[PDB]
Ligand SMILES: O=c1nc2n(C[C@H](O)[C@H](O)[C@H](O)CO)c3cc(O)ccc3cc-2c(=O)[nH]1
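Okay, so here's just one chain, in structure tokens, the form deposited without this ligand.
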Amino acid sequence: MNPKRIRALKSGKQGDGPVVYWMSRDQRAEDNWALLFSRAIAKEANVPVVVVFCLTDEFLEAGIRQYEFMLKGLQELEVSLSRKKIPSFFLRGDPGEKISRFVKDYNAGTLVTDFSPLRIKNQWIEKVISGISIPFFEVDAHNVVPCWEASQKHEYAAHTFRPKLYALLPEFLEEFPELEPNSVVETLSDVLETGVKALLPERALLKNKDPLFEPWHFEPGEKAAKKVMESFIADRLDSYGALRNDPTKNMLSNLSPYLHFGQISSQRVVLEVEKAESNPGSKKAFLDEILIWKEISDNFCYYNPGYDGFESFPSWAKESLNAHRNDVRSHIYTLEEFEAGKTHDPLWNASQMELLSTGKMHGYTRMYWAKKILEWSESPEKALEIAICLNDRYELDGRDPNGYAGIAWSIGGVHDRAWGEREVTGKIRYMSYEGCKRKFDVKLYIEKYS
């Protein structure tokens, strides 16, 4: 029970005592520090622990692919907490109004939530703090090392973040204790049914009204995430290092949709991967992606209020892009062309079809996809929102600190360094279609997504 994993955001007087855990980001029962810590305070007060989830009004800003994935895993989650004598309540509405009412109605004693550096979470926390008098606590249940503990400021390079993270690995890379059960708001399927009816008009469709999304690639839920983790270690971890940059090969862990929704703990993945015997290069490469690059995204969003804006770019990148803002662009595409994949480049939209159909673009093509948006945009700011809009609308792992950090990496050179000067893009790292052809079978990738 490491105390550096928990932060106090509001102090007050404890009420009746029924610890309420406001699940937001980590939607799992196993390997949850916030759930464990909420249980960790329960016995000291001789009171039970409850779980509350909020179905916010912002779900209409996304698609059915993400709403279905979250709700189906929640359905499996509800059964899991019931086996541990933990009741879970699902509230629909603004968290500020619902959580404040629930705390007063249930006479809650202590409130616990999981950490998320996104702006919308800080928006919800602000309203809840002004509407409650019980103590408010938050726990970083998403990062191996707590975000405030890994670094106390913004890190502008991975080389400056890796030694800090690895130095704190021995203290925080530990095994999860078992979740002790308790000593002793109408339906979830109904709220799913009415939700999709509201998102039906905005469903992505093909020419013949055939829906574009294919939901058989990633089964949601805590159970399915474990099998994905087990399959990756047994079959794909050995060749991960050599084939990670090949979109034509399915050699990735495919863990981001579960990681984003908190359906599986990243710490659990690190634990099993570390024990696994594989190629040392592949293990190091995967550990770099899930430890350094994933958690530096939390660092980027936590220490930059404008993480989704041009203001958070490095100084060299802002001046370079500002100097090339007046450069004539080869082509300009609006949001409709980018969304429908109607660009002259056949590689770019081929990634878009993969994003539209499967809901998870390949890691290598996602770099090319976002950088071409900067090339074909009227301004870097326009490319920022165009990339953010498409990413947060169609990616299953979207609306995540990994997304905004990754977009900032591709467009603004965040966590990168200056490269050869070029028109339009300035000193931002360049990715050419010819360069892609020398790295992997572009034609095979294009044919698979037509």
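Between two forms, the rigid core is the largest collection of C-alphas that superpose within 1.5 Å. In case it trips you up, residue 1 is the first one in the sequence shown, and so on.
In 6 other deposited structures of this protein, superposed on the rigid core, the segment with the larger root-mean-square CA displacement between 92-100 and 201-209 is 201-209. Averaged as a root mean square over residues and superposed structures in 6 other deposited structures of this protein, CA distances to the shown form are larger in 186-194; the pair compared was 186-194 and 132-140 with a core fit.
Per the record, residue 184 and residue 185 are separated by a gap of 10 or more residues from the deposited sequence that were not modelled. Of the two segments examined, 438-446 and 18-26, it is 438-446 that shows the higher average Cα temperature factor in the deposited entry. Of the two segments examined, 84-92 and 264-272, it is 84-92 that shows the higher average Cα temperature factor in the deposited entry. Comparing the listed residues 297, 351, 133, 123, the entry records the largest Cα B-factor for 133. Highest C-alpha temperature factor among 252, 228, 373, 103 per the entry: 103.
When all modelled residues of the chain are sorted by CA temperature factor, residue 411 is found within the lowest third. In the PDB entry, a CA B factor belonging to the highest third of its chain's modelled residues is recorded for residue 50.
Residue 68: CA B factor lies in the middle third for its chain, per the PDB record. When all modelled residues of the chain are sorted by CA temperature factor, residue 59 is found within the middle third. Sorting the modelled residues of the chain by their CA temperature factor places residue 141 in the lowest third.
The same protein also has a form deposited with this ligand bound, omitted here; what follows describes it.
Checked against this ligand in the bound PDB entry, the residues 66, 32, 425, 38 give one hit for a heavy atom within 4.5 Å, which is 66. The listed set 261, 136, 102, 313 contains one residue whose heavy atoms approach this ligand in the bound PDB entry to within 4.5 Å, identified as 261. Not one of 155, 165 and 300 is positioned with any heavy atom within 4.5 Å of this ligand in the bound PDB entry. Contact check for residue 116: a non-hydrogen atom falls within 4.5 Å of this ligand in the bound PDB entry. Within 4.5 Å of any heavy atom of this ligand in the bound PDB entry lies no heavy atom of residue 429.
In the bound PDB entry, residue 25 approaches this ligand with a heavy atom inside 4.5 Å.
This ligand is not shown here, and in the bound PDB entry it never comes within 4.5 Å of any heavy atom of residue 414. Segments offered: 416-424, 53-61, 378-386, 40-48. Contacting this ligand in the bound PDB entry at heavy atom distances within 4.5 Å is 53-61.
Shown without its partner, the chain has 398, 399 in segment 397-413 as residues with a non-hydrogen atom within 4.5 angstroms of this ligand in the bound PDB entry.
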